[PDB]
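# experimental coordinates for this protein are included below, preceded by the sequence.
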Amino acid sequence: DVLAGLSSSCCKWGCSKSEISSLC
Amino acid sequence: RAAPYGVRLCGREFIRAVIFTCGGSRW
């Protein structure tokens, strides 16, 4: 999904505050 | 390790990171 989709990249590579905060 | 404002987040780390980035004590 949207979260799992980003989660995959966040875990695989990582994510910045910008990408993460945009989820709230 | 510091604040998850630009690192690898897996599952539980991802969710807590979302919270943390947005405030930490939001949910």
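Arrived safely, thanks for sending. Numbering: from 1, shown residues only, chains lettered A, B, ... in the order given.
# where along chain A do the strands fall?
A:15-16 (DSSP state E).
# roughly how far apart are the residue nearest the centre of it and residue B:8?
Chain A has residue A:6 as the residue nearest its centroid, 3.6 Å off, counting by Cα atoms, centre = their mean. Counting by Cβ to Cβ, to the nearest Å, the gap from residue A:6 to residue B:8 is 12 Å. The way it works is simple: take the backbone N, C-alpha and C, and place the C-beta from them, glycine included.
# shared neighbours of the two, which are they?
residue A:15 (Cβ atoms under 8 Å, 6 or more residues apart in numbering or on different chains).
# residues in contact with the residue nearest to the centre of chain A?
A:15, A:19, A:23, B:14.
# for those, pick the one with the most neighbours.
residue A:15 (26 neighbours; other Cβ atoms under 10 Å in any protein chain shown).
# now the nearest residue to it once chain neighbours are set aside. Its backbone dihedrals?
Leaving aside its sequence neighbours, residue A:15 sits nearest to residue B:9 (Cβ to Cβ, 6 or more residues apart in numbering or on different chains; 5.8 Å). Residue B:9 has phi and psi values of phi -130, psi 120 when expressed as degrees, to the nearest 10.
# touching, residue B:9 and residue A:9? I think so.
No: counting by Cβ atoms under 8 Å, residue B:9 sits too far from residue A:9 to count as a contact (9.4 Å).
# burial count for residue 4?
All of this is about chain A. The number of residues packed near residue A:4 is 9, by other Cβ under 10 Å.
# chain B, not that one
Residue B:4: 22 neighbours (other Cβ under 10 Å).
# which element, helix or strand, includes the most centrally placed residue in chain B?
Centrality entry for chain B: nearest residue to the mean C-alpha point is residue B:17, 0.9 Å, by Cα atoms, centre = their mean. Following DSSP states H and E, one finds residue B:17 within helix B:12-22.
# and for residue B:10?
Using DSSP H and E, residue B:10 falls outside every helix and strand.
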